[PDB]
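Here the structure is laid out as structure tokens; the discussion comes afterwards.
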Amino acid sequence: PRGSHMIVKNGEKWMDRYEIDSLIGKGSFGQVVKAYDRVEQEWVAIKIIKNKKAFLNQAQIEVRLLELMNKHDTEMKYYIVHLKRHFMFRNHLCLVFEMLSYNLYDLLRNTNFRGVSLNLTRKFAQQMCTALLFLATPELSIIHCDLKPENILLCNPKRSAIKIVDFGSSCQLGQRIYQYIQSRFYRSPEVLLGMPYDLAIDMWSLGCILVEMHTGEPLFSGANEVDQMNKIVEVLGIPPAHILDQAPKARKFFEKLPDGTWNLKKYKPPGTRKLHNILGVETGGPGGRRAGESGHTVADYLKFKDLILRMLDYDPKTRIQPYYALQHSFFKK
Ligand SMILES: Cc1nc2ccc(-c3cc(N)nc(N)c3)nc2n1C[C@@H](C)Oc1ccccn1
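So this is what it looks like as structure tokens:
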């Protein structure tokens, strides 16, 4: 056997138990196959980790975090994909999951990137904030570290229930091992700036994800780290001095002046790309496509806009935390 991937043959049966149906996924971690578990009589998704020591080490962390989670009593743990069991087979670690449906990016593609309704956006946001409240449980303190539409799956194609997958980049608070993390579009300023991070980076990612779900377009579509930070500054302005003063990578993006103030190195002027206009609050919503529509009033959009700007706080110490996000007027019945 050569290369890092397992040789998968559709039709084969593993350990007189799993009937392999099809290769349904391929990522940097390895592969995902659909299999029929003859013993429990159900479809499962088997995540097959590459036989490369770095990947096996990180997948053992994923297993430990998923077993810590799936054992907590609360009904909140059901927003996290269920790890059924794991086993070694042909020198690969294999993680067995419940079979889920397609991811929120596929849902955007299905709308021809016009976005989903503010009402469906709100349902996704409530479940996501509840999942993040669960991860923030003191005995867990799990940072997902790779929230993106691709890592949020529908349970069922005809329903709005979601779960979070892929804890392959995850760590617990105080066990940071990667200086470079998060998918670029959803990467928090503290990570771009090479600072130590905490659970607040997942709330940043969530703010980005919810705007994209409603507009159909990434809020911050950087081609690279410098473009990413410049796109963030277009919307939010120059980060606070107290943060840049302790940021290892401040000078990758910004320059300190005699005055002790920071500006950009070497785009719209800072803070002039208003979320007000990105969302089309007063001009019929994204691309004007929601004009008049029920559920899409200026009052609705101003509540949504307010919660997003609390999620996109530059300061990880004052960025809105999940419990408080769930108390926001955006969610009030
Ligand atoms: C349909 C389905 N049910 C699933 C159940 C579990 C998982 C899954 C995938 C990964 N990376 N990490 C965990 N912890 C669980 N993925 C499922 N998928 C999507 C697979 C096909 O692709 C995907 C989906 C997401 C990411 C990569 N590839």
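As numbered in the entry's author numbering, residues 142 to 407, 415 to 481 make up the sequence shown, in order.
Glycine included, each C-beta is placed from N, C-alpha and C at the ideal position.
Enumerated in chain order, which unbroken segments of the alpha helix (DSSP H) with a length of 4 residues or greater are wholly contained in the region 203 to 263? 245 to 251
Out of curiosity, what's the CA-to-CA distance linking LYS480 and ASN192? Here residue 480 refers to the residue found at position 332 when the sequence shown is read from its first residue. Here residue 192 refers to the residue found at position 51 when the sequence shown is read from its first residue. The alpha-carbon atoms of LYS480 and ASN192 are separated by roughly 48 angstroms.
Can you give me the C-alpha to C-alpha distance between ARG179 and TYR219, rounded to a whole angstrom? To locate residue 179, count along the sequence shown from 1; it is residue 38. To locate residue 219, count along the sequence shown from 1; it is residue 78. Answer to the nearest angstrom: the Cα atoms are 24 angstroms apart.
Would you say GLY378 and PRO330 are within 9 angstroms of each other, going by their C-beta atoms? For the purposes of this step, residue 378 is taken as the residue at position 237 of the sequence shown. For the purposes of this step, residue 330 is taken as the residue at position 189 of the sequence shown. Not closer than 9 angstroms, so no.
If we ignore side chains and look at the alpha-carbon of each, how far apart do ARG231 and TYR177 end up? For the purposes of this step, residue 231 is identified with residue 90 of the sequence shown, where counting begins at 1. For the purposes of this step, residue 177 is identified with residue 36 of the sequence shown, where counting begins at 1. If you take the alpha carbons of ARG231 and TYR177, they lie about 19 angstroms apart.
Out of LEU351, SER258, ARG328, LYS407, point me to the one whose CA is closest to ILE342's CA. For this step, residue 342 is matched to residue 201 along the sequence shown. It is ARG328.
Given 8 angstroms as the limit, tell me if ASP162 has its C-beta closer than that to any heavy atom belonging to ligand 1. Here the question's residue 162 lines up with position 21 in the sequence shown. Every heavy atom of ligand 1 is 8 angstroms or more from the Cβ of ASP162, so no.
Compute the Euclidean distance between the alpha carbons of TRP184 and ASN251, then round it to the nearest angstrom. As a first step, residue 184 is located in the sequence shown; it is residue number 43 there, counting from the start. As a first step, residue 251 is located in the sequence shown; it is residue number 110 there, counting from the start. Computed Cα separation, rounded: 25 angstroms.
Beta-ladder partner(s) of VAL173, from DSSP: Counting from 1 along the sequence shown, the entry for residue 173 is found at position 32. In the DSSP output, where bridge partners are listed per residue, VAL173 has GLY166, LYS188.
Please indicate yes or no: does the CB of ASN244 lie closer than 8 angstroms to some heavy atom of ligand 1? Here residue 244 is taken as the residue at index 103 of the sequence shown, counted from 1. Checking the Cβ of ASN244 against ligand 1 gives yes.
On the three-state DSSP scale, how would you describe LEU457? As a working mapping, residue 457 is identified with position 309 in the sequence shown. If DSSP states are grouped into helix, strand and coil, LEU457 belongs with the helices.
Considering only the beta carbon of each residue, do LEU259 and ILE303 sit closer than 9 angstroms? Position 118 of the sequence shown holds residue 259. Position 162 of the sequence shown holds residue 303. No, the pair does not count as a contact, with Cβ atoms beyond the cut-off.
Can we count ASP178 as close to ligand 1, meaning its CB is less than 8 angstroms from some heavy atom? In the sequence shown, counting from the first residue as 1, residue 178 sits at position 37. Flag unset: Cβ of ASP178 not near ligand 1.
Does the distance between the C-beta of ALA266 and the nearest non-hydrogen atom of ligand 1 fall short of 8 angstroms? By one-based count along the sequence shown, residue 266 stands at place 125. No.
Please tell me whether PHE254 and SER301 are closer than 9 angstroms, where the distance is taken between their beta carbons. By 1-based counting over the sequence shown, the position of residue 254 is 113. By 1-based counting over the sequence shown, the position of residue 301 is 160. Their beta carbons are not under 9 angstroms apart, which means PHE254 does not touch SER301 by this criterion.
Cβ-Cβ distance between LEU249 and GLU353 below 9 angstroms: Here residue 249 corresponds to residue number 108 of the sequence shown, with the count starting at 1. Here residue 353 corresponds to residue number 212 of the sequence shown, with the count starting at 1. Yes.
Within its chain, find whatever has a CB closer than 6 angstroms to the CB of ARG437; leave out the 5 residues flanking it on each side and keep chain order. For the purposes of this step, residue 437 is identified with residue 289 of the sequence shown, where counting begins at 1. Answer for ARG437: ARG255, listed in chain order.
Less than 9 angstroms between the C-beta atoms of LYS406 and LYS393, yes or no? On the sequence shown, residue 406 is found 265 positions in, with the first residue counted as 1. On the sequence shown, residue 393 is found 252 positions in, with the first residue counted as 1. Yes, Cβ-Cβ distance for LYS406 and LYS393 is below 9 angstroms.
Compute every distance between the C-beta of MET344 and the non-hydrogen atoms of ligand 1, then say whether any falls below 8 angstroms. In the sequence shown, counting from the first residue as 1, residue 344 sits at position 203. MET344 Cβ: outside cutoff for every heavy atom of ligand 1.
So the alpha helix (DSSP H) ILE384 belongs to, where does it begin and stop? Mapped onto the sequence shown, residue 384 falls at position 243. Per DSSP, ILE384 belongs to the alpha helix (DSSP H) from 382 to 385.
Does the region 358 to 366 come close enough to the region 395 to 406 that 3 or more CB-CB pairs lie under 8 angstroms? no
What are the start and end residues of each continuous beta strand (DSSP E) run of 3 or more residues lying completely inside the region 272 to 301, in chain order? 293 to 295
Assuming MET217 and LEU274 are in contact, meaning their beta carbons sit under 8 angstroms apart, how far apart are those beta carbons, in whole angstroms? Here residue 217 refers to the residue found at position 76 of the sequence shown. Here residue 274 refers to the residue found at position 133 of the sequence shown. Between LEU274 and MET217 the Cβ distance is about 6 angstroms, and since that is below 8 angstroms, they are a contact.
Just to confirm, are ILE384 and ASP339 a CB contact at a threshold of 9 angstroms? Numbered from its first residue, the sequence shown carries residue 384 at position 243. Numbered from its first residue, the sequence shown carries residue 339 at position 198. Not in contact: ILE384 and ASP339 (Cβ atoms no closer than 9 angstroms).
Would you grab the beta carbon distance between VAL257 and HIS424 for me? Rounded to a whole angstrom, and I think it's under 8 angstroms. In the sequence shown, residue 257 corresponds to position 116, counting from 1. In the sequence shown, residue 424 corresponds to position 276, counting from 1. So it is not a contact: roughly 20 angstroms between Cβ atoms.
Three-way DSSP call (helix, strand, coil) for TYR159 in this model: For the purposes of this step, residue 159 is taken as the residue at position 18 of the sequence shown. Three-state result, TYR159: strand.
Which parts of the region 330 to 355 are runs of the alpha helix (DSSP H), unbroken and 4 residues or longer, counting only runs that do not cross its ends? 330 to 333
Strictly by DSSP, which residues pair up with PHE395? Along the sequence shown, one-based indexing puts residue 395 at 254. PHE395 is bridged to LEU405.
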